[PDB]
Amino acid sequence: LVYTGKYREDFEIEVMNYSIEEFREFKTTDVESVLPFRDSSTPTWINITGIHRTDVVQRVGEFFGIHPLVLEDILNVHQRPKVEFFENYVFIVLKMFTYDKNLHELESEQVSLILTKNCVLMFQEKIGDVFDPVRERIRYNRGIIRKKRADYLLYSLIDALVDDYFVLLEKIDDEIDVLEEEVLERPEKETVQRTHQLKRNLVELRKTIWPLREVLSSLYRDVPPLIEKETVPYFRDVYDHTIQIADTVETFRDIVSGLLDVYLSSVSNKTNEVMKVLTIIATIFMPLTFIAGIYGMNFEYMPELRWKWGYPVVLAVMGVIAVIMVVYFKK
Amino acid sequence: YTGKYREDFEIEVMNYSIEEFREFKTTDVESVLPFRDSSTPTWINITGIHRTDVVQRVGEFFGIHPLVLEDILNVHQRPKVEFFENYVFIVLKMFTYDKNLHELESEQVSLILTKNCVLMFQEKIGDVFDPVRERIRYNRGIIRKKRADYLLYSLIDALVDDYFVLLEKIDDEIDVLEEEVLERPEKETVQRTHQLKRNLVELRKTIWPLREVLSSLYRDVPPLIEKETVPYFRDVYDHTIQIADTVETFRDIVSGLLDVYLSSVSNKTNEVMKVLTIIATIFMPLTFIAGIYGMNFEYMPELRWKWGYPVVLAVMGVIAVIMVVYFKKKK
Amino acid sequence: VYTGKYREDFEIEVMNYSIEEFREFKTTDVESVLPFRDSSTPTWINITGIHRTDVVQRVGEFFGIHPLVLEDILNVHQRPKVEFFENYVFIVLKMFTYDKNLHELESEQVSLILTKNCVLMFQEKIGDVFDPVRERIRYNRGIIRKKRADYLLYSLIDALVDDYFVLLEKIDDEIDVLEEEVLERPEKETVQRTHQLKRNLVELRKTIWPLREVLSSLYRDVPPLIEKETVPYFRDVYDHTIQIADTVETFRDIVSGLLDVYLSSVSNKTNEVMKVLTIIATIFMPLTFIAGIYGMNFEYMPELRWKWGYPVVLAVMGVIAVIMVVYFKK
Amino acid sequence: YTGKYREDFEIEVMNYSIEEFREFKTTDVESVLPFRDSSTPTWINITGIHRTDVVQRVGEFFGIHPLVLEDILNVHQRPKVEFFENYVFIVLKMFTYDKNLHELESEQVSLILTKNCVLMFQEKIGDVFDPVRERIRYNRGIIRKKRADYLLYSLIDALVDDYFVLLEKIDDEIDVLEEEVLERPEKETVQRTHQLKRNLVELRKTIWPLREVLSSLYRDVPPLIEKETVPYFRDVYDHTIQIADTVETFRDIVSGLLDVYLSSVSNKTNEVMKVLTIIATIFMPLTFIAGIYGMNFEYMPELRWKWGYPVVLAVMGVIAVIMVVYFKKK
Amino acid sequence: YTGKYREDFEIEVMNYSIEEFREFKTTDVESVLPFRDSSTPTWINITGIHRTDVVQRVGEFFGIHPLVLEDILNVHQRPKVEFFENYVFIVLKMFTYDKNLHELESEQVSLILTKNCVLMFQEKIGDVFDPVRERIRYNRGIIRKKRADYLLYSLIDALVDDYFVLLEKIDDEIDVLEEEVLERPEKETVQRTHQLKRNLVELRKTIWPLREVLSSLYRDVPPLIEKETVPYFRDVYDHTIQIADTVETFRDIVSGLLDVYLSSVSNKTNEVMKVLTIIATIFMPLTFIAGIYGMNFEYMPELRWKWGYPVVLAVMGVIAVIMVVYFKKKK
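Residues numbered from 1 in each chain as written, not as in the entry; some residues may be left out. Chains lettered and ligands numbered in written order. Heavy atoms only, no water. Residues with missing side-chain atoms left out of burial classes, pairs and counts.

Looking at the entry header, you'll see cryo-EM listed as the method and 7.06 Å as the resolution.

Another aspect to go through is the overall build of chain D. When helices and strands are tallied, chain D shows eight helices and seven strands. In terms of C-alpha radius of gyration, chain D reaches 35 Å, well past the compact-globule figure of 20 Å for 330 residues. Expressed along its principal axes, the backbone C-alpha trace of chain D runs to roughly 125 × 40 × 35 Å. (Helix = DSSP H or I, 4+ residues; strand = E, 2+ residues; numbered from the N terminus. Rg over C-alpha atoms; globule rule 2.2 N^0.38 Å.)

In this assembly, five pairs of chains are in contact, and the pair contributing the most contacts is chains A and E. Regarding chain B and chain D, which are not in contact, the minimum distance between any of their C-alpha atoms is 9 Å. (Contact = heavy atoms within 4.5 Å.)

Under the domain assignment, chain A is made up of domain 1 (1-139), domain 2 (140-257) and domain 3 (258-331). Taking only C-alpha atoms into account, the centre of domain 1 of chain A sits 77 Å from that of domain 3 of chain A. (Domains from an automatic or database assignment.)

Packed helices, taken two at a time, are described by their axes: the angle between them and the distance between them. Residue and element names in this part refer to chain C. For the pair helix 6 (residues 231-283) and helix 7 (residues 285-294), the least separation of the axes is 4 Å and the interaxial angle reads 15°. With respect to their mutual orientation, helix 6 and helix 7 come out roughly parallel. Judged by residue contacts, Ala281, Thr282 and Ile283 of helix 6 engage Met285, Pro286 and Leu287 from helix 7. Split by residue class, the contact of helix 6 with helix 7 holds five nonpolar, one polar and no charged. (Axes fitted to C-alpha atoms, helices over the stretch in contact; angles between N-to-C directions. Parallel < 35°, antiparallel > 145°, perpendicular 65-115°, else oblique. Nonpolar A, V, L, I, M, F, W, Y, C, P; charged D, E, K, R; others polar.)

All names here are of chain D. Ordered in space as 2-1-3-7-6-5-4, the seven strands form an open sheet in which the pairing is mixed. Each edge of the sheet is formed by a strand with only one pairing partner; in this case those strands are strand 2 (21-25) and strand 4 (81-82). Taken together, the five bridges between strand 6 (residues 103-114) and strand 7 (residues 117-122) define a ladder with antiparallel strand orientation. Its bridge partner being in strand 7, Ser110 is matched across the sheet by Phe121. (Pairing = 2+ DSSP bridges.)

A few words on the interface of chain E and chain A. Counting from both sides, the interface comprises six residues of chain E and, opposite them, nine residues of chain A. When the residues that make up the side of chain E that touches chain A are grouped by side-chain class, the tally is one nonpolar, three polar and two charged.

At the junction of the two partners, chain E supplies four residues and chain D supplies five residues. When residues of the side of chain E that touches chain D are assigned to their parent elements, the largest contribution, three residues, is made by helix 7 (residues 284-294) of chain E. Looking at the side of chain E that touches chain D, its residues break down into two nonpolar, one polar and one charged.

Before going further, it helps to spend a moment on the UniProt feature "transmembrane region" in chain D. Residue and element names in this part refer to chain D. Listed under "transmembrane region" in the UniProt record, and renumbered for this structure, are residues 275-295 and 307-327. With 81% helix and 0% strand, the stretch residues 275-295 has end C-alpha atoms that lie 33 Å from each other. Between the end C-alpha atoms of residues 307-327 there is a gap of 34 Å, over a span that is 86% helix and 0% strand. (UniProt positions renumbered as here; feature names shortened; annotations may be inferred.)

Right, let's talk about the domain arrangement of chain D for a bit. Residues and elements named next belong to chain D. Partitioning chain D into domains gives domain 1 (1-137), domain 2 (138-255) and domain 3 (256-330). For domain 2 versus domain 3, the separation of C-alpha centres amounts to 61 Å. Between domain 2 and domain 3, the residue contacts involve four residues of the former and four residues of the latter. Along the lines of polarity and charge, the residues of the side of domain 2 that touches domain 3 split into two nonpolar, one polar and one charged.

This next bit is on the sheet that holds strand 6 (residues 104-114) of chain E. Residues and elements named next belong to chain E. What the seven strands build is an open sheet, ordered 2-1-3-7-6-5-4; its pairing is mixed. The open sheet has two edge strands with one neighbour each: strand 2 (21-24) and strand 4 (81-83). Taken over all neighbouring pairs, the strand axes of this sheet differ in orientation by 15° on average, direction set aside. Note that strand 4 and strand 5 (residues 88-97) share three bridges and pair antiparallel. Looking across to strand 5, one finds that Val81 is bridged to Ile90.

Per the UniProt annotation, the sites labelled "coiled-coil region" are residues 160-207 of chain D. The span residues 160-207 of chain D is 88% helix and 0% strand, and its two end C-alpha atoms sit 10 Å from each other.

Despite not being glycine, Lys229(A) has its phi angle at roughly 75°, a positive value. Structurally, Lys229(A) can be placed in the loop between helix 5 (191-220) and helix 6 (231-282). At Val221(D), a residue that is not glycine, the phi angle is positive and equals roughly 50°. Among the secondary structure elements, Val221(D) is positioned in the loop between helix 5 (189-218) and helix 6 (230-280).

The sites that UniProt annotates as "coiled-coil region" are residues 162-209 of chain A. Between the first and last C-alpha atoms of residues 162-209 of chain A the distance is 10 Å; the span itself is 90% helix and 0% strand.

Our focus in this paragraph is the pairing of strand 2 (residues 21-25) of chain B. Residues and elements named next belong to chain B. Taken together, the five bridges between strand 1 (residues 10-16) and strand 2 define a ladder with antiparallel strand orientation. Residue pairing in the sheet places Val13 in a bridge with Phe24 of strand 2. Adjacent in sequence and paired antiparallel, strand 1 and strand 2 are bridged by four residues.

Right, here's the structure in full:
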């Protein structure tokens with residue numbers, strides 16, 4: 001039982017119990033008070049913020065009889081999300097992703113959950129979640145959520161996280177748009193260096209999403225303890241969506257991949273543009289300077305003074321050759 | 001009001017019925033207010049929303065939230081749908097692209113439909129609702145026999161058709177760009193292509209999230225009657241699919257057209273250097289030789305041989321020429 | 001609404017068979033293919049020229065098909081998928097064809113609705129890869145007669161799968177030319193031809209990659225038809241679309257390598273020209289400077305005062321350009 | 001017939017049992033025909049595939065499909081498994097690589113195993129089945145007790161084992177190619193980088209679909225018996241995965257190897273440019289100064305001073321020194 | 001023996017049961033041979049497998065196949081599984097990387113497990129089974145009660161984490177290699193990048209065929225208890241799949257980092273070309289001027305025009321200045 005996370009600071013527990021009629025929400029850090037709520041027939045939603053506590057999670061696991069290694073996997077922040085089936089409860093690991101717009105970094109928070117009977121356990125490492133509008137329907141008695149059990153509520157929680165990826169796709173696309181904008185406009189390698197790290201966050205993103213597909217698929221075609229013919233068919237809808245999601249993400253990966261050579265060639269293009277300017281310079285003075293060197297060379301005979309006006313006659317022939325090539329240029 | 005148009009100001013009210021119709025243009029804010037209690041759906045035109053006194057008065061007259069009033073003042077906003085018990089706030093944009101230069105102006109069109117009032121907030125003069133005003137005037141369609149619920153979409157359908165023409169505007173410029181890239185390529189073509197894509201991405205930047213905007217009033221519409229605009233948005237959503245796909249097609253066309261001109265010029269980099277080289281190679285070695293006799297010594301090679309003015313210039317010239325055979329060869 | 005480019009040709013053919021015999025005919029009658037719905041024997045029906053929105057509707061209304069599904073058929077631009085029901089199964093397919101001369105891949109959407117034992121094939125123009133399949137249905141070759149429409153349609157789809165393998169050859173045929181074009185005598189505009197191939201390569205992923213789960217959906221479901229029969233046969237074909245996409249993914253790295261080759265030789269021959277230009281200009285730079293000082297105007301002329309100054313200067317600066325040749329190729 | 005060998009022609013027949021053995025070399029087509037009814041395991045060598053009359057005569061004597069017999073003439077066909085009623089048709093390919101000159105020669109040999117007879121359609125003389133013939137001749141192992149169904153594996157294993165040596169032939173030249181890249185890089189290195197990879201691409205392009213050739217029988221073998229020699233196929237069935245992974249490994253190494261070379265060339269490109277820059281630029285303003293004094297005006301400020309000729313030569317020298325100080329930065 | 005270690009010599013034999021325990025290192029072979037007949041699991045180590053006489057002695061005494069005994073001598077072998085009626089021959093590898101340098105040393109490990117006894121064959125000194133021996137020494141877990149089939153598995157899992165630590169060592173070299181590219185990128189970086197790259201694929205080159213090794217044991221193992229072959233063996237087979245993505249990630253990193261480094265070279269080159277450009281453009285046009293007056297002709301305007309010398313000094317300096325204003329922008 002070792003928590004290798006980055007947040008051992010705050011700790012908070014919130015419990016929301018409700019039926020198809022009544023409703024109650026409260027925040028009790030008392031571990032003993034939330035124990036008899038397991039026997040409640042009504043769906044009991046329990047929040048645990050700050051999963052860093054090795055004694056609290058264990059104590060909760062002791063009363064529920066949760067497997068020791070499972071309690072350790074929760075504390076393990078370095079783990080791929082997956083789902084394990086059991087005779088009583090369901091072991092599920094999820095990952096909440098967040099991306100700041102100013103600085104470019106993908107911050108995350110592992111969220112594991114265990115659902116038995118009608119008990120709902122949401123585990124957090126810190127403050128923040130996207131299940132706030134979900135609590136609204138639980139509070140305002142909105143929709144068929146109350147009439148449906150925690151199995152449908154879990155999906156409402158699953159789809160709530162899925163919708164965040166769409167919002168993330170908005171962020172991803174926006175960052176790409178700004179990134180590809182600087183490619184043609186600014187021939188400077190600054191965000192281009194940050195592009196690889198931004199693309200690194202994109203690769204690691206799909207690296208979690210792709211196996212998460214099979215994580216979901218293991219539920220619908222199985223779910224031994226959960227009910228059937230209702231939840232699974234309706235829930236597969238999101239499973240049909242998450243397939244479409246990463247495929248759009250995979251498309252983004254190929255776009256940024258070949259975008260590097262676009263900027264790379266753009267640098268050489270503007271570099272060549274400098275060379276083209278540099279080209280026409282040394283090609284018009286050097287041959288004419290060569291002529292100036294000829295008259296600069298003294299000899300025993302000088303027909304320049306013998307011929308009529310040998311000085312201004314040279315000033316005319318030089319200026320012509322430098323112009324007749326200009327037409328040939330800019331072709 | 002964060003807009004750039006605080007010049008023009010105009011308020012028009014076009015109230016109709018199942019038979020007759022009336023219209024008038026009054027600058028008085030208090031004159032367009034008592035038409036709220038009109039049994040028939042009242043259509044109101046508001047051009048030049050820069051005047052905050054109208055936003056404040058009417059806002060407090062219809063009972064509009066101060067932040068919602070600020071949303072109208074905010075000319076930079078993403079299209080969405082705000083559900084309330086009184087009205088429905090929707091952000092819309094009017095795009096106008098000139099074929100002369102790649103530029104697309106965007107005038108935000110907010111709307112607040114409560115009771116029997118239909119508000120159209122314009123930032124400046126110009127819209128596509130002019131032929132729509134005729135149907136309200138000439139009694140054309142079931143727009144007269146229906147309330148503000150159908151009157152709302154009657155405006156939307158015109159705005160939807162505006163993008164179809166815009167697609168033609170782009171497609172026309174695409175064919176021009178196709179004639180500009182595939183053949184007769186030149187400078188600033190990329191700049192025209194970039195700004196076109198910049199407007200193309202910005203186009204979808206409003207249209208793509210506008211899909212879910214249509215989905216907001218697709219399965220809902222709580223206060224007004226439904227199953228009327230539902231098959232409408234069902235057809236409208238089929239339109240925006242082809243729109244973005246036409247955009248997505250052009251987005252890859254842009255890249256396809258870009259890579260050609262980008263790789264070609266970057267490939268001609270060495271070609272320019274090849275020309276620059278063979279021209280510069282016949283300068284530096286010859287330039288020094290011409291400057292040799294421009295020096296003073298103890299002996300003169302001119303008097304060493306008869307007719308010492310040619311100083312063997314023809315021979316050295318030929319030797320400079322023979323280098324060509326050495327060049328031009330396969331590298 | 002049919003938005004395709006083929007509203008000309010039209011053909012209807014019905015190929016019914018049993019575990020022993022077989023029958024086939026080509027009639028344009030719409031009311032003749034309808035009473036063959038209740039036929040227990042597997043009935044393969046052809047519909048070429050899907051442009052007719054009235055025929056599809058008429059046939060669709062008789063089968064009790066959802067109006068939108070009929071409209072999905074009319075739509076010629078659609079991603080391949082599978083729609084499960086309690087009666088029929090709507091599956092979207094595609095037929096890709098590439099011409100070697102002008103680099104372009106034409107496409108034709110194939111929709112099908114299989115109920116009971118009846119088989120429906122919806123096309124636009126003439127031509128398909130089900131021709132050798134029809135032979136076994138006609139010549140009674142194998143268990144293609146005994147097995148119903150569950151394995152028949154599977155054999156039809158599997159026949160379509162191998163068509164893309166032939167297309168992969170056609171892609172490789174262009175690669176072999178691309179291998180010849182880029183390397184042997186590097187030519188301009190090849191990058192454009194390369195990008196078009198790359199654009200068509202990624203375009204191919206738009207169909208095949210989601211087609212994986214299309215086969216996977218039929219792999220562990222099939223609610224209306226009998227399961228367990230053709231289910232394990234779906235596995236091999238499901239491994240094909242994965243193997244194909246890997247070959248498509250493989251082509252991405254192959255062409256990308258050749259893409260830089262054309263730029264490699266140019267960049268390689270670039271410095272080759274520069275290396276020659278380098279040693280030429282630099283060595284004559286200090287030499288030109290020296291000879292200018294003598295004939296120039298100064299307040300002191302120790303040059304003529306130097307004993308034998310003329311011959312020594314000419315040869316003392318010659319070695320400087322020679323020692324660089326030793327430095328050359330280091 | 002699309003073959004390239006219409007020169008040599010030879011037919012050898014080796015027959016054996018669980019006790020004895022017999023062999024004879026008769027190029028006659030009508031002489032090896034009555035050996036079809038031989039209950040004992042028979043092995044027949046068929047070299048001289050150019051003969052359209054000899055091959056088809058033996059083929060039609062066995063009752064083999066005409067078009068199939070016509071396909072034997074063609075030496076251009078994908079390696080696969082043709083399932084029949086008794087015999088199975090597989091065209092095995094062999095790739096020989098000479099280390100000196102980068103070249104991958106391809107000989108395509110087809111086999112037909114009917115009853116107890118074994119056919120081997122060679123294109124030329126020479127194979128790796130020579131030690132295989134020895135065990136048939138010298139009674140070595142269970143090659144005598146077991147029939148041709150097990151011998152067929154010994155034929156395959158003898159062919160596959162050559163590819164392991166073929167990988168060594170490539171790996172040998174890879175290490176040689178490494179020496180050309182790691183040190184002393186030059187022209188044609190990119191060619192050797194490709195020509196070795198070109199044949200390597202051609203190699204896997206044949207082996208990768210040849211992997212499923214094994215799987216076609218390893219999971220089935222419909223005409224003959226099973227449960228024998230089948231688990232032995234699994235050994236080689238892992239070899240084609242072992243080889244391809246080694247091939248795929250080489251494909252990634254060679255690709256990255258050329259990238260290093262291209263990176264080196266581009267790096268050494270600027271390296272020459274850097275030398276060209278720091279040497280040419282420092283003499284540009286120097287030569288300009290000498291031309292100034294070369295001018296002859298009416299007023300000479302030089303003679304106005306007193307012995308400033310070495311002064312000019314000294315002040316210009318220091319300016320060229322700070323260029324190195326101006327260097328060592330980016 | 002085709003190895004490089006014919007120097008070191010070490011033999012370790014460890015027997016244990018559900019009650020007692022005994023560990024020792026005896027060079028006497030005839031003392032550990034009857035220990036095979038013991039029902040209690042006897043783990044035996046043979047370091048310095050170069051000695052063919054011992055392999056021929058121990059091997060032929062157990063009836064081990066002669067060619068297999070020679071296969072051990074061959075250090076160039078693919079990791080595989082050889083099933084027999086009594087024992088099982090498995091080829092394994094132990095990779096090790098040293099920091100502050102680029103070198104990946106390897107050591108082939110062959111094992112022959114008969115009855116309950118385990119034979120481990122080493123090439124050189126060193127293993128990660130040191131803490132494993134301690135758990136058997138201190139009676140930790142059910143490793144004492146279970147037989148060799150689980151004992152070998154305990155050795156397998158010990159080898160798994162060894163590469164996991166090595167995966168951390170890779171990233172340690174990456175971050176250093178990254179820093180080399182992230183800031184002040186220089187020559188020989190491609191070489192260092194290749195050193196990791198050449199060892200990157202080489203790592204997975206042996207891992208992939210070592211995966212089916214775990215699978216082959218998971219499917220068959222006829223002589224040992226198949227009850228022990230629970231998904232724990234496939235759990236090990238699941239870890240290597242994560243290694244595949246871990247290596248594949250590094251493959252994308254190495255490919256990307258090398259490109260970013262090479263992309264900077266274009267900026268490195270251009271930076272030099274910018275300085276190289278502005279030099280020749282401000283001297284040669286002025287050099288041509290000095291060459292004219294430096295050249296002698298017929299008519300001399302220098303002595304003709306008043307102040308011939310100071311009048312030329314002014315115009316030359318301005319020409320180099322008027323270009324600066326044109327410069328310092330996008331060329």
